[PDB]
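Below you'll find only one chain, the form deposited in one PDB entry, shown as structure tokens.
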């Protein structure tokens, strides 16, 4: 084309910490260690110590492109590693301390980590797998002291070293998938990818990170770089409060109120426990204003419970795979007029694609499905931080993209005209019938509309030909209806024959749960072989 006159420059994570040290040097980074003690530092200090970490790692043989692993929780040393490793051209491999010892050994050997930084309380685990590690040459405890055969982080620190800039497309970190395909798959992130993601996700309609914020990352830093919060927070100069491993309600409330946290991000389970605690104690968080929930789709009630306490809730979706965060939820300006119930349903949706992300919900052909909020399709993506394959795994890589270059998430969902995407629980709700998908929730909600039906629970049942087929357990409203009546009632609802339940069983009651929700778990086992599958 026509050449620009823009200077040749590369994006680099290290720049965030350098900028932070110069403009927000005194902003604090508070951490609660595993012992429960609270440590206090600042960006200026973290910057100086990180420069020393690069020197120390170099003294230990770490060079451009080498992998350095961590097995720890959110605290200042992990933050220093977050910058030191990428800053020296190395690759930060963050490993989940909650994985089995065998899987940890597997990913550490697959990534061929040369050095391992881990928390003191994980020594027993490390000591147990040490003999199975083929490449780790140095074990560094993230503490002041370390046992025999181990090196202490504070002693490993060396002379301050200048950063070593690498092409932005070069790797800065990596993480492996789990519980999905089964076998852990590695995803390698670049500086370009994380710098861009940190910018795109921090806008007003996103996390709205600001220098005045006090950020508390409940999301582990060993997952998808903790939503890039540690990086983004550093970029804007926000104060950071790293909780360490103690994620119990009391411990968090203490940090929330004590430090004046304004923003936080975490998983549904931690938030549910927090909500239960706040409600039963009648205590309220004075400064908390924004809460992001990722991972499991946050239930409608969770959003409502926190919103009722003045806390704005925003969902987010991303995979440990390709992208940390590709969809974030916020209410469009013209949708602010919706009723509390409708707006709640909106907030309960996964969200809208964020800047720099191209997303579509398509079929096996890669063709967009109808934006009616009903048609099922696979979420496919393109963007700066979306992976195009995997590390050391031809098979997984060759079948990762569609002919036109989109990444296949493996997540099923629906999308509407407003652009909102709604990931569907491919297990608790979706029925995989011969390479096709069917929502049991949609079917049952429609059925419960029929006058003769008091309660209906649709579930997936094993099938010989197709993998699974829908089965409806009806609870009659007096005179039990006929399977034909119900079939027409569904046809007049927009459902096609191929998706109609194959059989309708009857009962006087459907097993509920503590929450009074259908205990489909039991139903799936009762009618386990109802279709001879």
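By rigid core we mean the largest C-alpha set that fits within 1.5 Å across both forms. Numbering follows the first chain given and starts at 1.
If you look for the form deposited in another entry, you will not find it shown, but the lines that follow are about it.
Q: Once you overlay the rigid core, does the Cα of residue 435 travel 2 Å or further between the shown form and the other one?
A: Where the cores coincide, residue 435 still shows a C-alpha shift between the shown form and the other one that is 2 Å or more.
Q: Any CA movement of 2 Å or more for residue 465 between the shown form and the other one, core superposed?
A: Comparing the forms between the shown form and the other one, which are aligned on their rigid core, residue 465 does shift its C-alpha by 2 Å or more.
Q: Since the Cα-Cα distance for residue 433 and residue 374 shifts by 3 angstroms or more in that other deposited form, is it a contraction (closer) or an expansion (farther)?
A: The answer is farther, because the C-alphas of residue 433 and residue 374 separate from each other in that other deposited form by 3 Å or more.
Q: Work out whether the Cα atoms of residue 412 and residue 528 come closer together or move farther apart in that other deposited form than they are in this form, the change being 3 angstroms or more.
A: Relative to the shown form, the pair is closer.
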